[PDB]
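Listing of final_9.cif; format and content: mmCIF, C-alpha atoms; chains and numbers go by the auth columns.
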data_final
#
loop_
_atom_site.group_PDB
_atom_site.id
_atom_site.type_symbol
_atom_site.label_atom_id
_atom_site.label_comp_id
_atom_site.label_asym_id
_atom_site.label_seq_id
_atom_site.Cartn_x
_atom_site.Cartn_y
_atom_site.Cartn_z
_atom_site.B_iso_or_equiv
_atom_site.auth_seq_id
_atom_site.auth_asym_id
ATOM 1 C CA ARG A 1 6.034 11.798 11.376 0.00 1 A
ATOM 2 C CA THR A 2 5.504 15.484 11.639 0.00 2 A
ATOM 3 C CA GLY A 3 8.335 16.650 9.406 0.00 3 A
ATOM 4 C CA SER A 4 10.303 19.894 9.419 0.00 4 A
ATOM 5 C CA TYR A 5 7.646 22.038 7.861 0.00 5 A
ATOM 6 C CA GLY A 6 4.894 22.228 10.474 0.00 6 A
ATOM 7 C CA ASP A 7 2.281 19.862 11.951 0.00 7 A
ATOM 8 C CA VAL A 8 -0.517 19.221 9.448 0.00 8 A
ATOM 9 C CA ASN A 9 -2.873 18.261 12.296 0.00 9 A
ATOM 10 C CA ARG A 10 -2.721 21.919 13.441 0.00 10 A
ATOM 11 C CA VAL A 11 -3.937 23.277 10.136 0.00 11 A
ATOM 12 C CA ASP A 12 -7.508 24.351 9.751 0.00 12 A
ATOM 13 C CA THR A 13 -9.471 23.108 6.790 0.00 13 A
ATOM 14 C CA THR A 14 -12.829 23.472 5.152 0.00 14 A
ATOM 15 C CA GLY A 15 -12.152 20.518 2.881 0.00 15 A
ATOM 16 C CA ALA A 16 -13.397 19.881 -0.652 0.00 16 A
ATOM 17 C CA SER A 17 -15.665 22.347 -2.394 0.00 17 A
ATOM 18 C CA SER A 18 -18.664 21.331 -4.445 0.00 18 A
ATOM 19 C CA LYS A 19 -16.429 21.593 -7.449 0.00 19 A
ATOM 20 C CA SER A 20 -14.340 18.740 -6.197 0.00 20 A
ATOM 21 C CA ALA A 21 -17.125 16.738 -4.612 0.00 21 A
ATOM 22 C CA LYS A 22 -19.394 16.598 -7.593 0.00 22 A
ATOM 23 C CA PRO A 23 -17.006 14.872 -10.019 0.00 23 A
ATOM 24 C CA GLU A 24 -16.572 12.191 -7.331 0.00 24 A
ATOM 25 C CA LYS A 25 -20.315 11.657 -7.312 0.00 25 A
ATOM 26 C CA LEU A 26 -20.800 12.954 -3.764 0.00 26 A
ATOM 27 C CA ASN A 27 -23.830 15.065 -2.810 0.00 27 A
ATOM 28 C CA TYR A 28 -22.072 16.858 -0.015 0.00 28 A
ATOM 29 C CA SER A 29 -18.947 18.942 0.357 0.00 29 A
ATOM 30 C CA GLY A 30 -16.546 19.810 3.155 0.00 30 A
ATOM 31 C CA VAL A 31 -14.172 17.887 5.286 0.00 31 A
ATOM 32 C CA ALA A 32 -16.252 14.724 5.258 0.00 32 A
ATOM 33 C CA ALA A 33 -16.110 14.849 1.466 0.00 33 A
ATOM 34 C CA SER A 34 -12.388 15.096 1.513 0.00 34 A
ATOM 35 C CA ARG A 35 -12.248 12.195 3.955 0.00 35 A
ATOM 36 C CA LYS A 36 -14.497 10.041 1.842 0.00 36 A
ATOM 37 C CA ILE A 37 -12.477 10.630 -1.282 0.00 37 A
ATOM 38 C CA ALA A 38 -9.294 9.887 0.578 0.00 38 A
ATOM 39 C CA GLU A 39 -10.785 6.723 1.998 0.00 39 A
ATOM 40 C CA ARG A 40 -11.714 5.631 -1.484 0.00 40 A
ATOM 41 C CA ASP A 41 -8.099 6.002 -2.525 0.00 41 A
ATOM 42 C CA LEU A 42 -6.704 4.300 0.576 0.00 42 A
ATOM 43 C CA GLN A 43 -6.362 0.836 -0.836 0.00 43 A
ATOM 44 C CA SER A 44 -4.495 2.127 -3.912 0.00 44 A
ATOM 45 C CA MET A 45 -2.402 4.470 -1.788 0.00 45 A
ATOM 46 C CA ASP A 46 -1.452 1.575 0.437 0.00 46 A
ATOM 47 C CA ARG A 47 0.307 0.024 -2.518 0.00 47 A
ATOM 48 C CA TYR A 48 2.946 2.651 -2.056 0.00 48 A
ATOM 49 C CA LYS A 49 2.894 3.174 1.642 0.00 49 A
ATOM 50 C CA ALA A 50 6.445 1.976 2.455 0.00 50 A
ATOM 51 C CA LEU A 51 7.938 4.148 -0.309 0.00 51 A
ATOM 52 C CA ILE A 52 5.993 7.145 0.810 0.00 52 A
ATOM 53 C CA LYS A 53 7.342 6.716 4.320 0.00 53 A
ATOM 54 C CA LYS A 54 10.896 6.294 3.051 0.00 54 A
ATOM 55 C CA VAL A 55 10.556 9.479 1.188 0.00 55 A
ATOM 56 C CA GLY A 56 9.079 11.227 4.223 0.00 56 A
ATOM 57 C CA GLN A 57 11.943 10.000 6.313 0.00 57 A
ATOM 58 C CA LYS A 58 14.557 11.101 3.822 0.00 58 A
ATOM 59 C CA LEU A 59 13.139 14.532 3.384 0.00 59 A
ATOM 60 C CA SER A 60 11.578 15.212 6.801 0.00 60 A
ATOM 61 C CA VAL A 61 8.170 15.621 5.276 0.00 61 A
ATOM 62 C CA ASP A 62 4.963 14.129 6.797 0.00 62 A
ATOM 63 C CA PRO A 63 4.066 11.041 4.703 0.00 63 A
ATOM 64 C CA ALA A 64 0.459 11.846 5.283 0.00 64 A
ATOM 65 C CA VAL A 65 0.900 15.106 3.377 0.00 65 A
ATOM 66 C CA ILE A 66 2.568 13.252 0.532 0.00 66 A
ATOM 67 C CA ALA A 67 -0.380 10.873 0.484 0.00 67 A
ATOM 68 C CA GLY A 68 -2.895 13.684 0.565 0.00 68 A
ATOM 69 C CA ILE A 69 -1.257 15.214 -2.475 0.00 69 A
ATOM 70 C CA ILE A 70 -1.223 11.929 -4.302 0.00 70 A
ATOM 71 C CA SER A 71 -4.871 11.357 -3.683 0.00 71 A
ATOM 72 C CA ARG A 72 -5.748 14.795 -4.930 0.00 72 A
ATOM 73 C CA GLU A 73 -3.402 14.708 -7.880 0.00 73 A
ATOM 74 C CA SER A 74 -3.890 11.295 -9.337 0.00 74 A
ATOM 75 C CA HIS A 75 -6.210 9.244 -7.107 0.00 75 A
ATOM 76 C CA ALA A 76 -3.136 7.208 -6.279 0.00 76 A
ATOM 77 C CA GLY A 77 -2.727 6.593 -9.976 0.00 77 A
ATOM 78 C CA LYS A 78 -6.247 5.619 -10.730 0.00 78 A
ATOM 79 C CA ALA A 79 -6.973 8.855 -12.609 0.00 79 A
ATOM 80 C CA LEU A 80 -3.906 8.795 -14.841 0.00 80 A
ATOM 81 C CA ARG A 81 -3.413 7.627 -18.387 0.00 81 A
ATOM 82 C CA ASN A 82 -0.216 5.623 -18.486 0.00 82 A
ATOM 83 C CA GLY A 83 1.309 7.865 -15.862 0.00 83 A
ATOM 84 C CA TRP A 84 0.014 11.136 -17.168 0.00 84 A
ATOM 85 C CA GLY A 85 -2.713 13.719 -16.315 0.00 85 A
ATOM 86 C CA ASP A 86 -3.367 17.442 -16.410 0.00 86 A
ATOM 87 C CA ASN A 87 -3.915 17.746 -20.120 0.00 87 A
ATOM 88 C CA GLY A 88 -0.728 15.838 -20.724 0.00 88 A
ATOM 89 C CA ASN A 89 1.394 18.024 -18.530 0.00 89 A
ATOM 90 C CA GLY A 90 1.473 16.219 -15.283 0.00 90 A
ATOM 91 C CA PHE A 91 3.573 13.106 -14.579 0.00 91 A
ATOM 92 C CA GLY A 92 3.288 10.447 -11.925 0.00 92 A
ATOM 93 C CA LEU A 93 1.485 9.953 -8.609 0.00 93 A
ATOM 94 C CA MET A 94 2.242 13.525 -7.553 0.00 94 A
ATOM 95 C CA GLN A 95 1.807 14.995 -10.997 0.00 95 A
ATOM 96 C CA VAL A 96 5.023 16.812 -11.603 0.00 96 A
ATOM 97 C CA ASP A 97 4.586 19.373 -14.420 0.00 97 A
ATOM 98 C CA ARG A 98 6.812 18.380 -17.336 0.00 98 A
ATOM 99 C CA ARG A 99 6.815 21.902 -18.710 0.00 99 A
ATOM 100 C CA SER A 100 8.951 23.270 -15.977 0.00 100 A
ATOM 101 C CA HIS A 101 10.575 20.160 -14.541 0.00 101 A
ATOM 102 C CA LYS A 102 12.295 17.191 -16.146 0.00 102 A
ATOM 103 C CA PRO A 103 10.214 14.290 -14.743 0.00 103 A
ATOM 104 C CA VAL A 104 12.340 11.463 -13.383 0.00 104 A
ATOM 105 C CA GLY A 105 11.565 7.925 -12.416 0.00 105 A
ATOM 106 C CA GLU A 106 8.810 5.423 -12.980 0.00 106 A
ATOM 107 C CA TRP A 107 5.455 7.119 -12.617 0.00 107 A
ATOM 108 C CA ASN A 108 4.835 5.375 -9.285 0.00 108 A
ATOM 109 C CA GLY A 109 8.329 5.034 -7.903 0.00 109 A
ATOM 110 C CA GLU A 110 10.637 6.424 -5.291 0.00 110 A
ATOM 111 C CA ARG A 111 12.588 8.812 -7.466 0.00 111 A
ATOM 112 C CA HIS A 112 9.335 10.283 -8.661 0.00 112 A
ATOM 113 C CA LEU A 113 8.064 10.751 -5.098 0.00 113 A
ATOM 114 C CA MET A 114 11.314 12.342 -4.122 0.00 114 A
ATOM 115 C CA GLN A 115 10.985 14.783 -6.950 0.00 115 A
ATOM 116 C CA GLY A 116 7.452 15.782 -6.184 0.00 116 A
ATOM 117 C CA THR A 117 8.192 16.078 -2.520 0.00 117 A
ATOM 118 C CA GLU A 118 11.273 18.261 -3.095 0.00 118 A
ATOM 119 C CA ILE A 119 9.101 20.493 -5.138 0.00 119 A
ATOM 120 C CA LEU A 120 6.605 20.680 -2.291 0.00 120 A
ATOM 121 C CA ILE A 121 9.391 21.657 0.012 0.00 121 A
ATOM 122 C CA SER A 122 10.418 24.380 -2.336 0.00 122 A
ATOM 123 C CA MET A 123 6.851 25.739 -2.327 0.00 123 A
ATOM 124 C CA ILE A 124 6.663 25.718 1.421 0.00 124 A
ATOM 125 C CA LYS A 125 9.970 27.569 1.665 0.00 125 A
ATOM 126 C CA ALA A 126 8.705 30.133 -0.803 0.00 126 A
ATOM 127 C CA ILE A 127 5.714 30.796 1.357 0.00 127 A
ATOM 128 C CA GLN A 128 7.906 30.978 4.457 0.00 128 A
ATOM 129 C CA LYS A 129 9.959 33.688 2.797 0.00 129 A
ATOM 130 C CA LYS A 130 6.929 35.492 1.422 0.00 130 A
ATOM 131 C CA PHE A 131 5.018 35.555 4.731 0.00 131 A
ATOM 132 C CA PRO A 132 7.505 35.494 7.634 0.00 132 A
ATOM 133 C CA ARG A 133 4.851 36.646 10.121 0.00 133 A
ATOM 134 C CA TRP A 134 2.743 33.558 9.541 0.00 134 A
ATOM 135 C CA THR A 135 3.094 30.485 11.752 0.00 135 A
ATOM 136 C CA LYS A 136 4.873 27.437 10.438 0.00 136 A
ATOM 137 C CA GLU A 137 1.514 25.713 10.140 0.00 137 A
ATOM 138 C CA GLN A 138 0.099 28.638 8.139 0.00 138 A
ATOM 139 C CA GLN A 139 3.061 28.522 5.893 0.00 139 A
ATOM 140 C CA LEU A 140 2.612 24.778 5.418 0.00 140 A
ATOM 141 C CA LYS A 141 -0.928 25.272 4.176 0.00 141 A
ATOM 142 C CA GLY A 142 0.266 28.001 1.865 0.00 142 A
ATOM 143 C CA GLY A 143 2.988 25.750 0.540 0.00 143 A
ATOM 144 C CA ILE A 144 0.526 23.066 -0.324 0.00 144 A
ATOM 145 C CA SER A 145 -1.681 25.596 -2.092 0.00 145 A
ATOM 146 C CA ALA A 146 1.317 26.805 -3.997 0.00 146 A
ATOM 147 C CA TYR A 147 2.000 23.217 -5.083 0.00 147 A
ATOM 148 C CA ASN A 148 -1.021 23.648 -7.298 0.00 148 A
ATOM 149 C CA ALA A 149 -1.063 27.328 -8.203 0.00 149 A
ATOM 150 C CA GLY A 150 2.425 28.638 -7.561 0.00 150 A
ATOM 151 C CA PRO A 151 3.517 30.714 -4.625 0.00 151 A
ATOM 152 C CA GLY A 152 2.542 33.863 -6.550 0.00 152 A
ATOM 153 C CA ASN A 153 -1.097 32.845 -6.047 0.00 153 A
ATOM 154 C CA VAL A 154 -0.952 32.871 -2.296 0.00 154 A
ATOM 155 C CA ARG A 155 -1.889 36.389 -1.253 0.00 155 A
ATOM 156 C CA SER A 156 -3.852 35.642 1.896 0.00 156 A
ATOM 157 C CA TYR A 157 -4.215 32.914 4.445 0.00 157 A
ATOM 158 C CA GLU A 158 -7.961 32.432 4.483 0.00 158 A
ATOM 159 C CA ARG A 159 -8.527 32.731 0.783 0.00 159 A
ATOM 160 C CA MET A 160 -5.265 31.204 -0.498 0.00 160 A
ATOM 161 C CA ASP A 161 -7.094 28.564 -2.448 0.00 161 A
ATOM 162 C CA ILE A 162 -8.891 31.061 -4.710 0.00 162 A
ATOM 163 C CA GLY A 163 -7.369 30.428 -8.080 0.00 163 A
ATOM 164 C CA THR A 164 -6.401 26.862 -7.382 0.00 164 A
ATOM 165 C CA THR A 165 -8.104 24.070 -9.192 0.00 165 A
ATOM 166 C CA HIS A 166 -11.669 24.027 -7.802 0.00 166 A
ATOM 167 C CA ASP A 167 -10.724 26.904 -5.543 0.00 167 A
ATOM 168 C CA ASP A 168 -10.049 24.420 -2.741 0.00 168 A
ATOM 169 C CA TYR A 169 -6.761 22.734 -3.268 0.00 169 A
ATOM 170 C CA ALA A 170 -4.939 23.101 0.026 0.00 170 A
ATOM 171 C CA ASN A 171 -8.064 22.854 2.097 0.00 171 A
ATOM 172 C CA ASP A 172 -8.898 19.558 0.364 0.00 172 A
ATOM 173 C CA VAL A 173 -5.385 18.216 0.502 0.00 173 A
ATOM 174 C CA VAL A 174 -5.053 19.036 4.192 0.00 174 A
ATOM 175 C CA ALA A 175 -8.176 17.129 4.997 0.00 175 A
ATOM 176 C CA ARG A 176 -7.018 14.184 2.935 0.00 176 A
ATOM 177 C CA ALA A 177 -3.705 14.277 4.751 0.00 177 A
ATOM 178 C CA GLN A 178 -5.306 14.482 8.152 0.00 178 A
ATOM 179 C CA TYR A 179 -7.246 11.352 7.135 0.00 179 A
ATOM 180 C CA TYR A 180 -4.226 9.379 6.049 0.00 180 A
ATOM 181 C CA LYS A 181 -2.451 10.343 9.203 0.00 181 A
ATOM 182 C CA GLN A 182 -5.093 8.305 10.987 0.00 182 A
ATOM 183 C CA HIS A 183 -4.589 5.369 8.707 0.00 183 A
ATOM 184 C CA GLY A 184 -1.025 4.532 9.183 0.00 184 A
ATOM 185 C CA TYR A 185 0.729 7.361 7.312 0.00 185 A
#
Conversion result in C-alpha cells:
Amino acid sequence: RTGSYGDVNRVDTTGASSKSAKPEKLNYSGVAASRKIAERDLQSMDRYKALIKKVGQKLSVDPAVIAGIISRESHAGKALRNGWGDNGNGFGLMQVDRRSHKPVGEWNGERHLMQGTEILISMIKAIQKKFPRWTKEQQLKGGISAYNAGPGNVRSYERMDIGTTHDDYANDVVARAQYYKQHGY
C-alpha cells in the first residue's frame, strides 16, 4: 500500500547516523545500518502486522511507514518500560507524547496505532502546507521528520533531520520503512 501521502520508495535516504548505530552495537552507519536494525525488530514487529495493515487501510497510510516509525520509536516494544519511553513522556509502540496528547488504547493495540498514525498524518499535512513547492514525496519525508521534532523544525529538505534525535530521524525511519516494505508490509 502506497497511501495518500506519497510513495516512500521514492524518498531518498542516508539512513542511520553513527549516533543511532552505536547504541545498537553496530560499527557502521547508513542505510545498511537502518536495515539491520529494522531486521532485528522484524520478528517483534510481525506480532502486530495485521493490525498495522488494518490501520494503514483505514487511514490510507503505508503500513511500512507505520512499521518504520515503530521500530525507531520503541523497537516494536522491546525498548519500552511497561508501555513507556522518552523519559516517561512517550506512550506505546509509536510513542505518542502524553504531554500534548491524551494517549488512548493498550500500548500495543489498534486504537493506539490509529492515534499515532493520525498524528503522523497531521505532521505530513503541516509540511504540505509549509512547503507547497515540494513534491509529495519530499513532503512525506518532512512529515516523518516532524513526527519527531515538530513541523517547526523542518526548514530545509536536505538537512531536515538536524535537530531531530540523533540528527537522523526521517532518514533512518525511511530506510526502516523501505525495508519493511520488502518484508510483507
Skip residue A:87 itself and residues of its chain fewer than 5 positions away, then list as an MDAnalysis selection string all residues within 12 Å of it, counting all atoms listed in the file. chainID A and resid 80:81 95 97:99
Could the residues in this selection be saved with C-alpha atoms as an mmCIF file, in the frame of the given file?
data_model
loop_
_atom_site.group_PDB
_atom_site.id
_atom_site.type_symbol
_atom_site.label_atom_id
_atom_site.label_comp_id
_atom_site.auth_asym_id
_atom_site.auth_seq_id
_atom_site.Cartn_x
_atom_site.Cartn_y
_atom_site.Cartn_z
ATOM 1 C CA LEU A 80 -3.906 8.795 -14.841
ATOM 2 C CA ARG A 81 -3.413 7.627 -18.387
ATOM 3 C CA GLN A 95 1.807 14.995 -10.997
ATOM 4 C CA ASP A 97 4.586 19.373 -14.420
ATOM 5 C CA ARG A 98 6.812 18.380 -17.336
ATOM 6 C CA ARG A 99 6.815 21.902 -18.710
#
Could you give me, as a PDB file with C-alpha atoms, keeping the file's coordinate frame, the residues within 12 Å of residue A:43, counting all atoms listed in the file and dropping anything in the same chain fewer than 2 positions from it?
ATOM      1  CA  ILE A  37     -12.477  10.630  -1.282  1.00  0.00           C
ATOM      2  CA  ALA A  38      -9.294   9.887   0.578  1.00  0.00           C
ATOM      3  CA  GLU A  39     -10.785   6.723   1.998  1.00  0.00           C
ATOM      4  CA  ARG A  40     -11.714   5.631  -1.484  1.00  0.00           C
ATOM      5  CA  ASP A  41      -8.099   6.002  -2.525  1.00  0.00           C
ATOM      6  CA  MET A  45      -2.402   4.470  -1.788  1.00  0.00           C
ATOM      7  CA  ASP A  46      -1.452   1.575   0.437  1.00  0.00           C
ATOM      8  CA  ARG A  47       0.307   0.024  -2.518  1.00  0.00           C
ATOM      9  CA  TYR A  48       2.946   2.651  -2.056  1.00  0.00           C
ATOM     10  CA  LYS A  49       2.894   3.174   1.642  1.00  0.00           C
ATOM     11  CA  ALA A  67      -0.380  10.873   0.484  1.00  0.00           C
ATOM     12  CA  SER A  71      -4.871  11.357  -3.683  1.00  0.00           C
ATOM     13  CA  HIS A  75      -6.210   9.244  -7.107  1.00  0.00           C
ATOM     14  CA  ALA A  76      -3.136   7.208  -6.279  1.00  0.00           C
ATOM     15  CA  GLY A  77      -2.727   6.593  -9.976  1.00  0.00           C
ATOM     16  CA  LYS A  78      -6.247   5.619 -10.730  1.00  0.00           C
ATOM     17  CA  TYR A 180      -4.226   9.379   6.049  1.00  0.00           C
ATOM     18  CA  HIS A 183      -4.589   5.369   8.707  1.00  0.00           C
ATOM     19  CA  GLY A 184      -1.025   4.532   9.183  1.00  0.00           C
TER      20      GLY A 184
END
Would you mind telling me which residue in A:34, A:121, A:103, A:126 lies nearest to residue A:22 when using all atoms listed in the file? A:34
Once the PyMOL selection byres ((chain A and resi 143) around 7) is applied to the coordinates I shared, what remains selected? I want it as a compact mmCIF listing (two decimals) with C-alpha atoms, in the frame of the given file.
# COMPACT_ATOMS: atom_id res chain seq x y z
CA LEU A 120 6.60 20.68 -2.29
CA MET A 123 6.85 25.74 -2.33
CA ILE A 124 6.66 25.72 1.42
CA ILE A 127 5.71 30.80 1.36
CA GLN A 139 3.06 28.52 5.89
CA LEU A 140 2.61 24.78 5.42
CA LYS A 141 -0.93 25.27 4.18
CA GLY A 142 0.27 28.00 1.86
CA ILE A 144 0.53 23.07 -0.32
CA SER A 145 -1.68 25.60 -2.09
CA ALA A 146 1.32 26.80 -4.00
CA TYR A 147 2.00 23.22 -5.08
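Using only C-alpha atoms, the residues found no farther than 10 Å from residue A:24, other than those of its own chain fewer than 3 positions away, are residues 18, 19, 20, 21, 27, 33, 36 and 37 of chain A.
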